[PDB]
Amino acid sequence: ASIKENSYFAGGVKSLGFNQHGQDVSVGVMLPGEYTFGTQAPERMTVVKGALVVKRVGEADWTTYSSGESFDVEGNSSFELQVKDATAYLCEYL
């Protein structure tokens, strides 16, 4: 029942993790840049404020998701993000 702090990519991405109704969730911020993330369990990413530009492995194209939009990232995979402006996001394993 605590709030777990993490920093990544030299402070380019920071997150706050927490349990909600038994489920692990995190909210965070990403500064402008390009980042690669790996998935184990599937993830559902929600853009809280800003936009994330996403390319999942094997995808030919980048797709921009803006505030309020969500995208799923299959498990056992990875995905790239381009961040044009500092952006808040929500991540679930749902």
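Residue numbers run from 1 along the displayed sequence.
Asker: Lowest, middle or highest third: which one holds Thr36 when the chain's residues are ordered by CA B-factor from the entry?
Answerer: Top third by C-alpha B-factor.
Asker: Tell me, lowest, middle or highest third: where does the Cα B factor of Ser78 rank within its chain?
Answerer: Top third by C-alpha B-factor.
Asker: Relative to the other modelled residues in the chain, which third contains the C-alpha temperature factor of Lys49: lowest, middle or highest?
Answerer: Lowest third, going by the recorded CA B-factors of the chain.
Asker: Once the chain's modelled residues are ordered by C-alpha B factor and cut into thirds, is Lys84 in the lowest, middle or highest one?
Answerer: Within its chain, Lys84 is a middle-third residue by C-alpha B-factor, going by the deposited values.
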